[PDB]
Amino acid sequence: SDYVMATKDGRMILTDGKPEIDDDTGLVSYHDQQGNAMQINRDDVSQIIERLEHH
């Protein structure tokens, strides 16, 4: 329930909510920290990390 996005160029983008891989557009959609809807070329994304939360 805490997603992290790894980019092919090394960056380790934190996010708010689960990103969206649209294979129909070749785009990954996401919200960052300031409530901003963003889009990044799927191609520049290498991994989608879900960090499970535990009580």
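Residues numbered from 1 in each chain as written, not as in the entry; some residues may be left out. Heavy atoms only, no water.

Its PDB record attributes the structure to X-ray crystallography, giving the resolution as 2.70 Å.

(A) Focus on the overall build of the chain. A tally of regular secondary structure across the chain gives zero helices and six strands. Tracing the chain from N to C terminus, the helices and strands come up as β-β-β-β-β-β. Expressed as lengths along the three principal axes of its C-alpha atoms, the size of the chain is roughly 35 × 20 × 20 Å. A buried classification covers 24% of the 55 residues belonging to the chain. In the chain, of all internal contacts separated by at least 6 residues, the share reaching a separation of at least 24 is 40%. When the accessible surface of the chain is totalled, it reaches about 4,300 Å², and 43% of it is carbon and sulfur. Taking the average location of the 5 positive side-chain charges in the chain and that of its 12 negative ones, the two points are 6 Å from each other. (Helix = DSSP H or I, 4+ residues; strand = E, 2+ residues; numbered from the N terminus. Buried < 20%, exposed > 50% of the residue type's maximum accessible area, 1.4 Å probe, protein only. Contact = heavy atoms within 4.5 Å. Areas by Shrake-Rupley, 256 points an atom, 1.4 Å probe, with all protein chains shown as cover. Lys, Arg positive; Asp, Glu negative; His and termini not counted. Charge placed at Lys NZ, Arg CZ, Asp CG, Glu CD.)

(B) Highlighting the pattern of salt bridges. If you walk through the whole model with that rule in mind, you get two salt bridges. With a shortest N-O distance of 3.4 Å, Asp9 and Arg11 are connected by a salt bridge. By relative accessible area, which is 44% here, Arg11 ends up partly exposed. Among the salt bridges present, the one from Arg42 reaches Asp23, with a minimum N-O distance of 3.6 Å. Highlighted residues: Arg42 in the loop between β5 (37–41) and β6 (45–51) and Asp23 in the loop between β3 (20–22) and β4 (27–31), separated in sequence by 19 residues. A relative accessible area of 63% means that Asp23 is categorised as exposed. (Salt bridge = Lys/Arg side-chain N within 4 Å of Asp/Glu carboxyl O.)

(C) Main features of the nonpolar core. Residues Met5, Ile13, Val28, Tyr30, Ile40 and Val45 constitute the largest nonpolar core, which totals six residues. Ignoring sequence-local partners within four residues, the contact set of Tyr30 consists of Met5, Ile13, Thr15, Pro19, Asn36, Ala37, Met38, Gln39 and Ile40. (Core = buried A, V, L, I, M, F, W, Y, C linked by side-chain atoms within 4.5 Å.)

(D) Structural detail: the environment of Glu50. Relative to the elements of secondary structure, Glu50 occurs in strand β6. Put simply, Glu50 and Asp22 are 28 residues apart on the chain and 17 Å apart in space, counted from C-alpha to C-alpha. Excluding residues that lie within four positions of it along the chain, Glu50 makes contacts with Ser1, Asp2 and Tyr3. Within the local environment of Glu50, its side chain forms a polar contact with the side chain of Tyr3, the two groups lying 3.1 Å apart. (Polar contact = N/O pair within 3.5 Å; in protein donor to acceptor, adjacent residues only side chain to side chain.)

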